[PDB]
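Trainee: Got a file for you: start-v6.cif, mmCIF, C-alpha atoms and all ligand atoms.
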data_protein
#
loop_
_atom_site.label_atom_id
_atom_site.label_comp_id
_atom_site.auth_asym_id
_atom_site.auth_seq_id
_atom_site.Cartn_x
_atom_site.Cartn_y
_atom_site.Cartn_z
CA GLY A 1 -11.47 -20.63 3.76
CA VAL A 2 -7.83 -19.92 4.40
CA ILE A 3 -8.61 -16.20 4.57
CA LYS A 4 -10.11 -15.79 8.03
CA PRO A 5 -12.45 -13.00 9.17
CA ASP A 6 -9.69 -11.70 11.40
CA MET A 7 -6.11 -11.81 10.07
CA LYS A 8 -2.92 -10.49 11.72
CA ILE A 9 -0.19 -8.71 9.78
CA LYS A 10 3.60 -8.83 10.17
CA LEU A 11 5.78 -6.81 7.82
CA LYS A 12 9.24 -5.48 7.20
CA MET A 13 10.22 -2.75 4.77
CA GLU A 14 13.75 -2.18 3.57
CA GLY A 15 14.09 1.06 1.62
CA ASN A 16 16.13 3.97 0.36
CA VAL A 17 14.78 7.49 -0.41
CA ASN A 18 17.19 10.00 -2.06
CA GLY A 19 19.94 7.66 -0.80
CA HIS A 20 18.75 7.52 2.83
CA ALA A 21 18.52 3.83 3.89
CA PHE A 22 16.02 2.70 6.51
CA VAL A 23 14.31 -0.38 7.90
CA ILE A 24 10.78 -0.39 9.35
CA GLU A 25 9.01 -3.29 11.05
CA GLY A 26 5.24 -3.50 11.47
CA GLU A 27 2.56 -5.53 13.11
CA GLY A 28 -1.20 -5.14 12.84
CA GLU A 29 -4.44 -6.81 12.11
CA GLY A 30 -7.52 -6.38 9.98
CA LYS A 31 -10.81 -7.73 8.71
CA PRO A 32 -10.25 -8.95 5.17
CA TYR A 33 -13.90 -9.14 4.28
CA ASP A 34 -14.69 -5.70 5.72
CA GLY A 35 -11.79 -4.15 3.83
CA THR A 36 -10.15 -2.61 6.95
CA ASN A 37 -6.80 -2.98 8.63
CA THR A 38 -4.53 -1.20 11.10
CA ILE A 39 -0.72 -1.47 11.18
CA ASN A 40 1.69 -0.22 13.91
CA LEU A 41 5.11 0.66 12.46
CA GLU A 42 8.50 1.19 14.12
CA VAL A 43 11.62 2.52 12.46
CA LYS A 44 14.45 0.16 13.29
CA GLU A 45 17.27 1.68 11.20
CA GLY A 46 17.67 5.08 9.63
CA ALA A 47 15.81 7.14 12.20
CA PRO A 48 14.85 9.79 12.14
CA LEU A 49 13.50 9.65 8.59
CA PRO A 50 14.32 12.83 6.67
CA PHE A 51 11.30 12.70 4.38
CA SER A 52 7.49 12.56 4.44
CA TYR A 53 6.11 9.34 5.92
CA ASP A 54 3.15 9.61 3.52
CA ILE A 55 5.33 8.26 0.69
CA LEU A 56 5.52 4.97 2.63
CA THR A 57 2.00 4.41 3.97
CA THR A 58 0.40 2.91 0.86
CA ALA A 59 3.32 0.45 0.63
CA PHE A 60 2.53 -0.79 4.18
CA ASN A 61 -2.23 -5.77 0.70
CA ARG A 62 -5.46 -5.88 -1.36
CA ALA A 63 -6.58 -9.01 0.50
CA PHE A 64 -7.94 -6.30 2.82
CA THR A 65 -10.64 -5.18 0.43
CA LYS A 66 -14.44 -5.52 0.76
CA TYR A 67 -15.66 -7.12 -2.47
CA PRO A 68 -19.22 -7.62 -3.69
CA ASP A 69 -19.99 -11.30 -4.05
CA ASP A 70 -20.38 -10.95 -7.80
CA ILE A 71 -16.79 -9.72 -8.49
CA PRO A 72 -14.09 -12.47 -8.38
CA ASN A 73 -11.48 -11.61 -5.76
CA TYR A 74 -8.06 -11.90 -7.41
CA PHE A 75 -6.30 -11.35 -4.10
CA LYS A 76 -8.15 -13.63 -1.70
CA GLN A 77 -8.20 -16.49 -4.28
CA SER A 78 -4.40 -16.41 -4.51
CA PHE A 79 -3.88 -17.70 -0.95
CA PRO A 80 -2.37 -19.59 0.66
CA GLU A 81 0.34 -19.34 -2.05
CA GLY A 82 -0.25 -15.56 -2.18
CA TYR A 83 0.84 -12.83 -4.60
CA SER A 84 3.39 -10.15 -5.18
CA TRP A 85 2.99 -6.64 -6.49
CA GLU A 86 5.12 -3.92 -8.00
CA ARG A 87 4.23 -0.25 -8.13
CA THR A 88 5.51 3.01 -9.43
CA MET A 89 4.45 6.31 -7.90
CA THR A 90 5.28 9.24 -10.23
CA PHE A 91 5.29 12.65 -8.61
CA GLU A 92 4.76 15.91 -10.60
CA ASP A 93 8.35 17.20 -10.62
CA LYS A 94 10.70 14.32 -10.95
CA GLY A 95 10.32 12.30 -7.72
CA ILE A 96 9.67 8.59 -8.22
CA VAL A 97 9.03 5.69 -5.87
CA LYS A 98 9.29 2.10 -6.98
CA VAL A 99 7.98 -0.61 -4.66
CA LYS A 100 8.08 -4.40 -4.70
CA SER A 101 6.17 -6.38 -2.12
CA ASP A 102 5.72 -10.09 -1.44
CA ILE A 103 2.48 -11.04 0.35
CA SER A 104 2.52 -14.50 1.96
CA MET A 105 0.44 -16.32 4.56
CA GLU A 106 1.44 -18.11 7.73
CA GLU A 107 -1.68 -19.61 9.41
CA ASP A 108 -4.08 -16.78 10.31
CA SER A 109 -1.65 -14.05 9.37
CA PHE A 110 -0.12 -12.33 6.40
CA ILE A 111 3.59 -11.50 6.10
CA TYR A 112 4.73 -8.66 3.85
CA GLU A 113 8.29 -8.16 2.71
CA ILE A 114 8.54 -4.70 1.10
CA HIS A 115 11.42 -3.15 -0.88
CA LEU A 116 11.05 0.56 -1.59
CA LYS A 117 13.28 2.94 -3.56
CA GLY A 118 12.52 6.66 -3.84
CA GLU A 119 14.69 8.81 -6.12
CA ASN A 120 15.03 12.35 -7.45
CA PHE A 121 12.86 14.14 -4.96
CA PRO A 122 13.68 17.87 -5.11
CA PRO A 123 15.58 18.47 -1.87
CA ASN A 124 13.44 21.53 -1.09
CA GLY A 125 10.12 20.06 -2.12
CA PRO A 126 7.37 18.96 0.24
CA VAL A 127 8.43 15.28 0.42
CA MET A 128 11.98 15.93 1.51
CA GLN A 129 10.90 18.85 3.69
CA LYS A 130 8.15 16.97 5.41
CA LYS A 131 5.38 19.37 4.35
CA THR A 132 2.74 16.79 3.47
CA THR A 133 -0.45 16.05 5.45
CA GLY A 134 -1.79 12.82 3.96
CA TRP A 135 -3.48 11.41 0.93
CA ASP A 136 -6.98 12.24 -0.40
CA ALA A 137 -9.43 9.42 -0.78
CA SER A 138 -8.97 7.73 -4.10
CA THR A 139 -10.32 5.32 -6.64
CA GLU A 140 -8.10 2.70 -8.23
CA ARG A 141 -9.10 1.29 -11.61
CA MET A 142 -8.51 -2.47 -11.68
CA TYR A 143 -8.22 -4.24 -15.04
CA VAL A 144 -6.65 -7.42 -16.39
CA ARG A 145 -3.80 -7.04 -18.86
CA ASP A 146 -1.24 -9.68 -19.88
CA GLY A 147 -3.04 -12.21 -17.67
CA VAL A 148 -2.37 -10.28 -14.41
CA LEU A 149 -4.28 -7.59 -12.56
CA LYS A 150 -3.31 -3.93 -13.02
CA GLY A 151 -4.45 -0.99 -10.91
CA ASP A 152 -4.05 2.75 -11.62
CA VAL A 153 -4.90 5.59 -9.27
CA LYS A 154 -4.50 9.33 -9.64
CA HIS A 155 -3.79 10.64 -6.14
CA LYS A 156 -3.55 14.01 -4.42
CA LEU A 157 -0.72 14.28 -1.90
CA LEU A 158 -2.07 16.94 0.44
CA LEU A 159 0.26 19.71 1.57
CA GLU A 160 0.62 21.94 4.54
CA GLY A 161 -1.51 25.01 3.85
CA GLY A 162 -4.21 23.08 1.96
CA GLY A 163 -2.71 22.65 -1.46
CA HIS A 164 -1.80 19.34 -3.09
CA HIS A 165 0.48 17.69 -5.63
CA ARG A 166 -0.51 15.02 -8.13
CA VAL A 167 0.91 11.50 -7.78
CA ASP A 168 0.14 8.82 -10.35
CA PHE A 169 0.17 5.23 -9.10
CA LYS A 170 0.52 2.20 -11.42
CA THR A 171 0.58 -1.24 -9.84
CA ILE A 172 0.86 -4.76 -11.21
CA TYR A 173 -0.58 -7.52 -8.98
CA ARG A 174 0.64 -11.08 -9.69
CA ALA A 175 -0.98 -14.13 -8.13
CA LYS A 176 1.42 -17.01 -7.59
CA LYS A 177 -1.05 -19.44 -9.06
CA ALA A 178 -3.99 -19.32 -11.51
CA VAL A 179 -7.18 -17.74 -10.10
CA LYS A 180 -10.57 -16.69 -11.59
CA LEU A 181 -9.99 -13.29 -13.21
CA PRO A 182 -12.36 -10.41 -12.47
CA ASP A 183 -13.75 -8.00 -15.01
CA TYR A 184 -12.94 -4.28 -14.90
CA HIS A 185 -13.83 -2.76 -11.52
CA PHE A 186 -12.86 -0.06 -9.04
CA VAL A 187 -11.43 -0.01 -5.52
CA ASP A 188 -12.23 3.02 -3.36
CA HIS A 189 -9.47 3.78 -0.89
CA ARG A 190 -9.05 5.78 2.28
CA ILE A 191 -5.71 5.72 4.21
CA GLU A 192 -4.83 7.72 7.32
CA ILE A 193 -2.01 8.07 9.78
CA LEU A 194 -4.00 7.74 13.04
CA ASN A 195 -1.13 8.63 15.33
CA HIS A 196 2.61 9.12 15.30
CA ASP A 197 5.38 10.38 17.54
CA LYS A 198 7.04 13.63 16.53
CA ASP A 199 9.55 12.23 14.04
CA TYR A 200 7.38 9.30 12.88
CA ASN A 201 9.61 6.66 14.47
CA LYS A 202 6.34 5.11 15.67
CA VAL A 203 3.31 5.33 13.38
CA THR A 204 -0.13 3.76 13.19
CA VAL A 205 -1.76 3.49 9.75
CA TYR A 206 -5.45 2.73 9.11
CA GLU A 207 -6.75 1.75 5.67
CA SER A 208 -10.20 1.06 4.19
CA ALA A 209 -10.79 -0.36 0.69
CA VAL A 210 -14.04 -1.25 -0.99
CA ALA A 211 -14.46 -2.66 -4.50
CA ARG A 212 -17.37 -1.94 -6.79
CA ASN A 213 -18.43 -2.54 -10.36
CL CL B 301 -1.08 -14.36 14.08
ZN ZN B 302 -22.81 -11.93 0.45
ZN ZN B 303 -1.71 -16.65 14.21
ZN ZN B 304 -8.91 10.83 10.75
#
Is it possible to give me this structure as structure tokens?
Mentor:
Amino acid sequence: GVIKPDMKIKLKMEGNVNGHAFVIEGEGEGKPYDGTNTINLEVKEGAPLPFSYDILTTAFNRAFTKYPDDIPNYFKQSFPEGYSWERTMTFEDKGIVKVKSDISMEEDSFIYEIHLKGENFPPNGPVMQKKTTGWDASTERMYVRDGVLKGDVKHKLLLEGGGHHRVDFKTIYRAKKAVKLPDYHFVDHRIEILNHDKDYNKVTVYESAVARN
């Protein structure tokens, strides 16, 4: 099909967090049917970033999801035309991130164009003070509403010292053409920063995602 067993990734993110503008470019690759991918990111403008890189990593494509053969795959069916998505991440004490991303295909690769806006983070909280250590593993509930696919996940943003804060994710996924709609299901996530330089100008992200009934 058009979605190959090995797909490359090219992306660019343009964003603003508490008024700090930045641009990040990425390249990577993954195995769409295994639900795995790796992306190598470089800050091109706005370095060094004055906030936690973890608020960006889940914005850096559900085509990289292992799906059982009996659950229609909203994401892979949308190609080559592709899909866009929009997400809000609501943090416990006023921070909010809104993301819009366009996922397209060019031959054996995906291109992402990502716009991200973070606002109202407490200046002395763990996001703006870079006191986070990653995300827990999560489960996203996927369900069709208004003819498009919605996903919600309740996440723990892990903190230095071993605590965490709650972050609620709500995403809307919109195929650019009609596809066969799945029934209610789940996607289990793991995302990790595998390596980074000291101020996260260079970062490698690894993600796994597996759907189940
Ligand atoms: Cl390529
Ligand atoms: Zn099979
Ligand atoms: Zn290629
Ligand atoms: Zn690890």
Trainee: Which residues form the shell of 12 Å around ligand ZN 302 (chain B) when you count all atoms listed in the file, given as a list in words?
Mentor: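 Final answer, ordered by chain and number: residues 33, 34, 66, 67, 68, 69, 70 and 71 of chain A.
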Trainee: Can you list, as a ChimeraX atom specification, every protein, DNA or RNA residue that comes within 7 Å of residue 185 in chain A when you count all atoms listed in the file, leaving out same-chain residues fewer than 6 positions away?
Mentor: /A:141-143,212-213
Trainee: Kindly work out which residues sit at most 9 Å from ligand CL 301 (chain B), using only C-alpha atoms and all ligand atoms, and give the list as a PyMOL selection string.
Mentor: chain A and resi 7-10+29+106-110
Trainee: Contacts of residue 165 in chain A at 8 Å or less, counting all atoms listed in the file, minus same-chain residues fewer than 6 places along, as a ChimeraX atom specification?
Mentor: /A:91-92,156-159
Trainee: Find the residues around residue 200 in chain A up to 12 Å (only C-alpha atoms counted), leave out those fewer than 6 positions away in its own chain, and share them as an NGL selection string.
Mentor: :A and (24 or 40-44 or 46-54 or 56-57 or 130 or 193-194)
Trainee: Of the candidates A:3, A:116, A:191, A:172, which shows the shortest atom-to-atom distance to residue 77 in chain A, using all atoms listed in the file?
Mentor: A:3
Trainee: Can you pull out every residue within 7 Å of residue 139 in chain A, counting all atoms listed in the file, but drop anything in the same chain fewer than 5 positions away, and send it as a short mmCIF file (atom, residue, chain, number, x, y, z; two decimals) with C-alpha atoms, keeping the file's coordinate frame?
Mentor:
data_model
loop_
_atom_site.label_atom_id
_atom_site.label_comp_id
_atom_site.auth_asym_id
_atom_site.auth_seq_id
_atom_site.Cartn_x
_atom_site.Cartn_y
_atom_site.Cartn_z
CA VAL A 153 -4.90 5.59 -9.27
CA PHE A 186 -12.86 -0.06 -9.04
CA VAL A 187 -11.43 -0.01 -5.52
CA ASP A 188 -12.23 3.02 -3.36
CA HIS A 189 -9.47 3.78 -0.89
#
Trainee: With all atoms listed in the file counted and 12 Å as the cut-off, give the residues of chain A in contact with ligand ZN 304 (chain B), each with its shortest interatomic distance in Å and the pair that gives it, as CSV.
Mentor:
residue,atom,partner,partner_atom,distance
A:133,CA,B:ZN304,ZN,11.3
A:134,CA,B:ZN304,ZN,10.0
A:135,CA,B:ZN304,ZN,11.2
A:136,CA,B:ZN304,ZN,11.4
A:137,CA,B:ZN304,ZN,11.6
A:190,CA,B:ZN304,ZN,9.9
A:191,CA,B:ZN304,ZN,8.9
A:192,CA,B:ZN304,ZN,6.2
A:193,CA,B:ZN304,ZN,7.5
A:194,CA,B:ZN304,ZN,6.2
A:195,CA,B:ZN304,ZN,9.3
A:204,CA,B:ZN304,ZN,11.5
A:205,CA,B:ZN304,ZN,10.3
A:206,CA,B:ZN304,ZN,9.0
A:207,CA,B:ZN304,ZN,10.6
A:208,CA,B:ZN304,ZN,11.8
Trainee: Restricting the output to C-alpha atoms, write the selected residues as a tab-separated table (two decimals), in the frame of the given file.
Mentor:
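File written: again_16.tsv
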chain	number	residue	atom	x	y	z
A	133	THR	CA	-0.45	16.05	5.45
A	134	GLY	CA	-1.79	12.82	3.96
A	135	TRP	CA	-3.48	11.41	0.93
A	136	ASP	CA	-6.98	12.24	-0.40
A	137	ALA	CA	-9.43	9.42	-0.78
A	190	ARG	CA	-9.05	5.78	2.28
A	191	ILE	CA	-5.71	5.72	4.21
A	192	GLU	CA	-4.83	7.72	7.32
A	193	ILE	CA	-2.01	8.07	9.78
A	194	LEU	CA	-4.00	7.74	13.04
A	195	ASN	CA	-1.13	8.63	15.33
A	204	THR	CA	-0.13	3.76	13.19
A	205	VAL	CA	-1.76	3.49	9.75
A	206	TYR	CA	-5.45	2.73	9.11
A	207	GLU	CA	-6.75	1.75	5.67
A	208	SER	CA	-10.20	1.06	4.19
Trainee: Select, from A:23, A:167, A:89, A:103, the residue with the minimum atom-to-atom distance to residue 201 in chain A, counting only C-alpha atoms.
Mentor: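 Of A:23, A:167, A:89, A:103, the one nearest residue 201 in chain A is A:23, counting only C-alpha atoms.
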Trainee: Could you tell me which of A:17, A:99, A:39, A:111 comes closest to ligand ZN 303 (chain B) if we count all atoms listed in the file?
Mentor: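 Closest residue, counting all atoms listed in the file: A:111.
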Trainee: Got a minute to add N, CA and C atoms to range 174-196 of chain A and dump it as a PDB file, keeping the file's coordinate frame?
Mentor:
ATOM      1  N   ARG A 174       0.338  -9.790  -9.077  1.00  0.00           N
ATOM      2  CA  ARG A 174       0.640 -11.080  -9.690  1.00  0.00           C
ATOM      3  C   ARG A 174       0.409 -12.214  -8.723  1.00  0.00           C
ATOM      4  N   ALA A 175      -0.703 -12.931  -8.927  1.00  0.00           N
ATOM      5  CA  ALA A 175      -0.980 -14.130  -8.130  1.00  0.00           C
ATOM      6  C   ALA A 175       0.062 -15.202  -8.404  1.00  0.00           C
ATOM      7  N   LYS A 176       0.410 -15.958  -7.383  1.00  0.00           N
ATOM      8  CA  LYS A 176       1.420 -17.010  -7.590  1.00  0.00           C
ATOM      9  C   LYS A 176       0.841 -18.288  -8.116  1.00  0.00           C
ATOM     10  N   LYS A 177      -0.461 -18.288  -8.379  1.00  0.00           N
ATOM     11  CA  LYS A 177      -1.050 -19.440  -9.060  1.00  0.00           C
ATOM     12  C   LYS A 177      -2.269 -18.941  -9.844  1.00  0.00           C
ATOM     13  N   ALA A 178      -2.861 -19.765 -10.700  1.00  0.00           N
ATOM     14  CA  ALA A 178      -3.990 -19.320 -11.510  1.00  0.00           C
ATOM     15  C   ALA A 178      -5.196 -19.085 -10.621  1.00  0.00           C
ATOM     16  N   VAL A 179      -5.909 -17.987 -10.775  1.00  0.00           N
ATOM     17  CA  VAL A 179      -7.180 -17.740 -10.100  1.00  0.00           C
ATOM     18  C   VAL A 179      -8.252 -17.277 -11.084  1.00  0.00           C
ATOM     19  N   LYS A 180      -9.531 -17.228 -10.711  1.00  0.00           N
ATOM     20  CA  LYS A 180     -10.570 -16.690 -11.590  1.00  0.00           C
ATOM     21  C   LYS A 180     -10.421 -15.158 -11.690  1.00  0.00           C
ATOM     22  N   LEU A 181     -10.321 -14.679 -12.931  1.00  0.00           N
ATOM     23  CA  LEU A 181      -9.990 -13.290 -13.210  1.00  0.00           C
ATOM     24  C   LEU A 181     -11.239 -12.440 -13.154  1.00  0.00           C
ATOM     25  N   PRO A 182     -11.211 -11.286 -12.517  1.00  0.00           N
ATOM     26  CA  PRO A 182     -12.360 -10.410 -12.470  1.00  0.00           C
ATOM     27  C   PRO A 182     -12.414  -9.610 -13.759  1.00  0.00           C
ATOM     28  N   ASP A 183     -13.592  -9.056 -13.984  1.00  0.00           N
ATOM     29  CA  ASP A 183     -13.750  -8.000 -15.010  1.00  0.00           C
ATOM     30  C   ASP A 183     -13.314  -6.644 -14.443  1.00  0.00           C
ATOM     31  N   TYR A 184     -13.271  -5.634 -15.289  1.00  0.00           N
ATOM     32  CA  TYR A 184     -12.940  -4.280 -14.900  1.00  0.00           C
ATOM     33  C   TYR A 184     -13.757  -3.857 -13.684  1.00  0.00           C
ATOM     34  N   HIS A 185     -13.089  -3.263 -12.676  1.00  0.00           N
ATOM     35  CA  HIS A 185     -13.830  -2.760 -11.520  1.00  0.00           C
ATOM     36  C   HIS A 185     -13.009  -1.672 -10.851  1.00  0.00           C
ATOM     37  N   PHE A 186     -13.512  -1.116  -9.762  1.00  0.00           N
ATOM     38  CA  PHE A 186     -12.860  -0.060  -9.040  1.00  0.00           C
ATOM     39  C   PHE A 186     -12.620  -0.479  -7.604  1.00  0.00           C
ATOM     40  N   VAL A 187     -11.616   0.089  -6.979  1.00  0.00           N
ATOM     41  CA  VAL A 187     -11.430  -0.010  -5.520  1.00  0.00           C
ATOM     42  C   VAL A 187     -11.310   1.384  -4.940  1.00  0.00           C
ATOM     43  N   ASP A 188     -12.220   1.737  -4.044  1.00  0.00           N
ATOM     44  CA  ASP A 188     -12.230   3.020  -3.360  1.00  0.00           C
ATOM     45  C   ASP A 188     -11.358   2.907  -2.133  1.00  0.00           C
ATOM     46  N   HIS A 189     -10.410   3.795  -1.989  1.00  0.00           N
ATOM     47  CA  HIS A 189      -9.470   3.780  -0.890  1.00  0.00           C
ATOM     48  C   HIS A 189      -9.633   4.934   0.063  1.00  0.00           C
ATOM     49  N   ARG A 190      -9.364   4.710   1.338  1.00  0.00           N
ATOM     50  CA  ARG A 190      -9.050   5.780   2.280  1.00  0.00           C
ATOM     51  C   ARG A 190      -7.854   5.278   3.100  1.00  0.00           C
ATOM     52  N   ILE A 191      -6.825   6.073   3.328  1.00  0.00           N
ATOM     53  CA  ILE A 191      -5.710   5.720   4.210  1.00  0.00           C
ATOM     54  C   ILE A 191      -5.395   6.929   5.090  1.00  0.00           C
ATOM     55  N   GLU A 192      -5.107   6.650   6.364  1.00  0.00           N
ATOM     56  CA  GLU A 192      -4.830   7.720   7.320  1.00  0.00           C
ATOM     57  C   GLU A 192      -3.747   7.283   8.290  1.00  0.00           C
ATOM     58  N   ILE A 193      -2.897   8.222   8.654  1.00  0.00           N
ATOM     59  CA  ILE A 193      -2.010   8.070   9.780  1.00  0.00           C
ATOM     60  C   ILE A 193      -2.833   8.452  11.014  1.00  0.00           C
ATOM     61  N   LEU A 194      -3.159   7.480  11.858  1.00  0.00           N
ATOM     62  CA  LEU A 194      -4.000   7.740  13.040  1.00  0.00           C
ATOM     63  C   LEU A 194      -3.199   8.397  14.137  1.00  0.00           C
ATOM     64  N   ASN A 195      -1.929   8.062  14.282  1.00  0.00           N
ATOM     65  CA  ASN A 195      -1.130   8.630  15.330  1.00  0.00           C
ATOM     66  C   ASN A 195       0.324   8.366  14.977  1.00  0.00           C
ATOM     67  N   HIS A 196       1.176   9.178  15.588  1.00  0.00           N
ATOM     68  CA  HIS A 196       2.610   9.120  15.300  1.00  0.00           C
ATOM     69  C   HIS A 196       3.332   9.880  16.399  1.00  0.00           C
TER      70      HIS A 196
END
